[PDB]
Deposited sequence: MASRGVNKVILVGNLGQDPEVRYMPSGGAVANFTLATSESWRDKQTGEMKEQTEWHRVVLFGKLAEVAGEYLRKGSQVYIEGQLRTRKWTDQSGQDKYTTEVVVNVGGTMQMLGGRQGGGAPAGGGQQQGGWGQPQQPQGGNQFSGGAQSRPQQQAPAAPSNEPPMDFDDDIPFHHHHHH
């Protein structure tokens, strides 16, 4: 493998985790994570799209709710999709990655 692609997030879920099961039986979870920065000339929030697979996805479905504080270690992935044109979404994907609930 060439280079390093690593994301570390701590923040709060903006909604309940959505868990879907793949025909194979592999769990997949999605949720958004808020991080913010406040400074004096001000507050700016960043919303991260997190994707979890397998057991970690199942853990998210059991235990995570809107407002839950989690730690995320994942990788950046930009994927192309089209809808009713070309759209691109950059996600934080947990594959070597971990998820830990902090409350």
| query | finding |
| --- | --- |
| Regions of the deposited sequence not represented in the model | 1 to 2, 44 to 49, 93 to 94, 106, 115 to 180 |
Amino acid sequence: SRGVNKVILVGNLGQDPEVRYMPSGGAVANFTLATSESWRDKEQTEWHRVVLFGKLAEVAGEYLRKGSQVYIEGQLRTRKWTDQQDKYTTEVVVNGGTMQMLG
From here on, numbers count along this sequence of modelled residues.
item	value
Stretch with the higher entry mean CA B-factor, where the candidates are 22 to 30 and 62 to 70	22 to 30
Segment of higher mean CA temperature factor, 53 to 61 or 72 to 80	53 to 61
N5 CA temperature factor, ranked by third within the chain	lowest
Ranked C-alpha temperature factor of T35 among modelled chain residues, by third	lowest
